[PDB]
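The analysis underlying the following values was restricted to heavy atoms, covering all of them including side chains, and did not include hydrogens, waters or symmetry mates. Numbering of residues begins at 1 and proceeds along the displayed sequence.
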Amino acid sequence: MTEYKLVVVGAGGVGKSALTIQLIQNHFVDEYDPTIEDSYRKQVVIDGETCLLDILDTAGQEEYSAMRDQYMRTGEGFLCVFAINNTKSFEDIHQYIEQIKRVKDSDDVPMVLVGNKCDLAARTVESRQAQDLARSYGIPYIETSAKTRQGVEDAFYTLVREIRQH
Ligand SMILES: Nc1nc2c(ncn2[C@@H]2O[C@H](COP(=O)(O)OP(=O)(O)NP(=O)(O)O)[C@@H](O)[C@H]2O)c(=O)[nH]1
Ligand SMILES: [Ca+2]
Ligand SMILES: [Mg+2]
Ligand SMILES: [Mg+2]
């Protein structure tokens with residue numbers, strides 16, 4: 001059984017915890033409790049193979065930026081999340097990737113760029129704008145809603161594939 005170490009990263013309130021919790025636990029967290037750092041673990045079959053997903057729910061608040069370095073070393077693949085109604089989080093996520101590539105000293109780090117909250121109509125990040133950013137990194141772009149589960153399995157499982165195809 002292969003184990004995959006996924007880390008979910010991005011700015012505060014973009015839906016990292018709701019995305020993780022929707023995948024692992026199949027419900028939507030409506031309330032907003034900022035995360036320090038939580039861990040989840042779950043046995044899944046992906047492309048015929050049983051594997052263990054280890055998922056680190058990280059902090060979006062800047063006050064815990066200090067602990068980013070240590071989880072960027074451990075993690076095998078990184079789900080890079082912004083909210084399509086939050087232009088600042090799209091600008092920010094660009095920064096998170098550069099930090100990962102730095103900390104890991106590779107421009108070949110398994111990653112998926114995720115535009116979350118795609119159920120909201122207050123979109124200020126157009127899909128083409130995120131596509132352009134993903135293209136420059138060689139990584140997939142996938143839109144999701146943690147509310148409706150749209151794209152949630154696809155996003156996380158794409159990241160496993162990126163890691164396992166690394
Ligand atoms: N409509 C909608 N709301 C969402 C979605 N994902 C998260 N939210 C909402 O946005 C708020 C913040 O979500 P949360 O997952 O806690 O964000 P976070 O990125 O983990 N924040 P932190 O970095 O502080 O831990 C919550 O009220 C949650 O219900 C989504 O896909 N759609
Ligand atoms: Ca709920
Ligand atoms: Mg959270
Ligand atoms: Mg615009």
Validation row: [X], [Y] side chains within 4.5 angstrom (heavy atoms):
X      : Y      : result
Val9   : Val81  : no
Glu143 : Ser127 : yes
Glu37  : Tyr71  : yes

Quiz item: Are the side chain of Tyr32 and the backbone N or O of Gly13 linked by a donor-acceptor pair below 3.5 Å?
Solution: yes
Exercise. Taking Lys104 for its side chain and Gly75 for its backbone only, find out whether a donor-acceptor pair lies under 3.5 Å.
Key: yes
Quiz item: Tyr157 pairs by side-chain contact (heavy atoms from CB on, under 4.5 Å) with which of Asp47, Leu53, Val112?
Solution: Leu53
Practice problem: Output the distance between atom CE (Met67) and atom OG1 (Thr58), rounded to the nearest 0.5 Å. | Solution: 8.5 Å
Quiz item: Parallel, tilted or perpendicular: which fits the ring planes of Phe90 and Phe82, with parallel below 30° and perpendicular above 60°?
Solution: perpendicular
Self-check item: Residue pairs involving residues 14-23 (criterion side-chain hydrogen bond (donor to acceptor under 3.5 Å, both in side chains); sequence neighbours excluded)
Solution: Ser17-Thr35, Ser17-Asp57, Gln22-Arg149
Quiz item: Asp30: what forms a side-chain contact (heavy atoms from CB on, under 4.5 Å) with it, not counting sequence neighbours?
Solution: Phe28
Quiz item: Which residues, ordered by chain and number, are linked to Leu52 in its hydrophobic cluster, where ILVMFWY side chains connect at heavy-atom gaps below 4.5 Å, directly or through other members?
Solution: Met1
Quiz item: Same hydrophobic cluster for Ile21 and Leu6, using side-chain heavy-atom links shorter than 4.5 Å among ILVMFWY?
Solution: yes
Quiz item: Has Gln150 got more than 12 heavy atoms of other residues, nucleotides or ligands less than 6.0 Å from its CD?
Solution: no
